[PDB]
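Given as structure tokens, the chain that follows is alone and in the form deposited in one PDB entry.
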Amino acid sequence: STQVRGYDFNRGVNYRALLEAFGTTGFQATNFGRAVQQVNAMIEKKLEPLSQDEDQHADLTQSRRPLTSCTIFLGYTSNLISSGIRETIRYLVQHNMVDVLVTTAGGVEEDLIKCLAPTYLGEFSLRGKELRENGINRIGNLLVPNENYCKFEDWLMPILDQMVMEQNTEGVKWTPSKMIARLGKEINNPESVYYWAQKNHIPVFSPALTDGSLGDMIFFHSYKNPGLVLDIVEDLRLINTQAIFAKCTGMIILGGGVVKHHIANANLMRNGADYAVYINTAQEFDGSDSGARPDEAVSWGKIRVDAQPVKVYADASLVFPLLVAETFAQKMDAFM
């Protein structure tokens, strides 16, 4: 039985000790400490060698990504790429710390756009009329000048032209994940999440890739250059296979919506994830999938009965960098 006790600042500002004290502080601080433990368990499993029998089975996919003892799925909503958490995610992907990414369309396009032009701090209360008159788009307390999207149009159009040519003359069958890998290769910039993902053979799933600016551009482009097809069925097979042939799986899910369900549903195909951490601000009372507790997913078989999943009820912009500091960043040498 563990006693409640907070960090005592009479000891000085010992930042590691302060963070490690969250576990005994209670409420969501305790859930943060539990999340640190769960992610560290994923990492320690990941670093365990594959036995001969385990290697045989894990090698049954067509994937170029090296085999590990724990396949980690990282999901995040689009707004987290608008935020500075883009840098946190890029770091994990750059160093091969996660194996599959799932995000919505905004979470793809805004990483690419940030290589062309920055996003700025604003305020939630700024009024839409005056912003629109100035072509300034609001994302929470952030601001994206519309010229950012004009730069995206100029950059993306020639790539769409080549994609259509490759589809029609080289037999390429595009899907969202294949498009995202191509966009990461084209942006060719080490600040980009998707640059590192394609370099490191980390697939990115986004079934509704048309829901955002990428969609706007595909739409406009289709009038001049018709017939681009983005198939979602092949991408379903691809994500599900990553779960089916994993030795173990962990889910780190920031936010809700399609990203959260799509990762969890893939893990149902193996009778459940072994480890799971949710960080989101949704609540269960509305019946939403976004707000469902991890234990709802246990009823479906998306999380194993013997797992010890954790949800932190908080804005991931506050929590996720601290979580990374106490988990992946402490094992950086093992990943290089």
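Quick note: we count residues from 1 along the sequence shown, nothing fancier. Throughout, rigid core stands for the largest set of C-alpha atoms superposing within 1.5 Å between the two forms. Residues that one form lacks are left out of the comparison.
The following text describes the form deposited in another entry, which does not appear among the structures shown.
Trainee: Superpose on the rigid core and name the single residue from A29, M269, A282, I43 whose Cα moves by 2 angstroms or more between this form and the one not shown.
Mentor: The only residue crossing the 2 Å threshold is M269.
Trainee: Taking the rigid core as the reference frame, is the Cα of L112 displaced by 2 Å or more between this form and the one not shown?
Mentor: Comparing the forms between this form and the one not shown, which are aligned on their rigid core, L112 does not shift its C-alpha by 2 Å or more.
Trainee: Tell me, please, whether between this form and the one not shown the C-alpha of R90 is shifted by 2 Å or more, with the rigid core used for superposition.
Mentor: After core superposition, the C-alpha of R90 moves less than 2 Å between this form and the one not shown.
Trainee: Would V204 count as moving between this form and the one not shown, using a Cα shift of 2 angstroms or more after superposing the core as the test?
Mentor: Superposed on the core, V204 moves its C-alpha less than 2 Å between this form and the one not shown.
Trainee: Is the CA-CA spacing of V258 and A316 tighter or wider in the other form than here, given a 3 Å or more change?
Mentor: They are closer; the C-alpha distance drops by 3 Å or more in the other form.
Trainee: Shorter or longer C-alpha distance for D111 and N265 in the other form, given it differs from this form by 3 Å or more?
Mentor: Distance between the C-alphas of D111 and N265: longer in the other form, by 3 Å or more.
Trainee: Taking the rigid core as reference, which runs of at least three consecutive residues show Cα movement of 2 Å or more between this form and the one not shown?
Mentor: When the rigid core is held fixed, residues 257-269, 303-309 are the runs that shift.
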